[PDB]
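From first to last, the protein sequence lines are chains B and C. Under the deposited numbering, the first residue of the first sequence carries the number 197, and numbering increases by one thereafter. Under the deposited numbering, the first residue of the second sequence carries the number 539, and numbering increases by one thereafter. Idealized CB from N, CA, C, for every residue including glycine.
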Amino acid sequence: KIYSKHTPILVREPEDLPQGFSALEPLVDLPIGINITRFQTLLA
Amino acid sequence: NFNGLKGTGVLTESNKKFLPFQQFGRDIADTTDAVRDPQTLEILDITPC
C-alpha cells in the first residue's frame, strides 16, 4: 500500500511540514509476494 | 452464502459507500452486517429475522 496525499492548489508557502491531521486512503494494492526494503522513485 | 460466509437474515439496500479495497462491514459486536455481492458490485445490508 502507498498512502498519498497529492494535494494541489495549496495557498500557502511550502516552508515546513503541514499541520493538522490528514486522513489518507490507499491507492495501490497488488500481489508482490515478497516485502520491500528499498526503492527509487524516478524524478523527472 | 456470500463468497464463503454462512448466515440467515433479510437483505436490503444500504447507502454506505465502501472503499475499493474493502468487502465486509462490521458493527459494535464485531459481527458482519454489510456485504458486497461478488458478481454485481452493489452494497447490501444484513438484519436478523
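For C:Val548, the three-state secondary structure derived from DSSP is strand.
Counting C-beta pairs closer than 8 angstroms gives fewer than three between the segment 559-572 of chain C and the segment 227-234 of chain B, which falls short of the contact rule. Around the beta-carbon of B:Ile228, fewer than 16 other beta-carbon atoms lie within 10 Å, marking it exposed.
In the three-state reduction of the DSSP assignment, B:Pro222 falls in the strand class, which pools E and B.
Interface annotation, C:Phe556: not in contact with chain B, CB-CB separation never under 7 angstroms.
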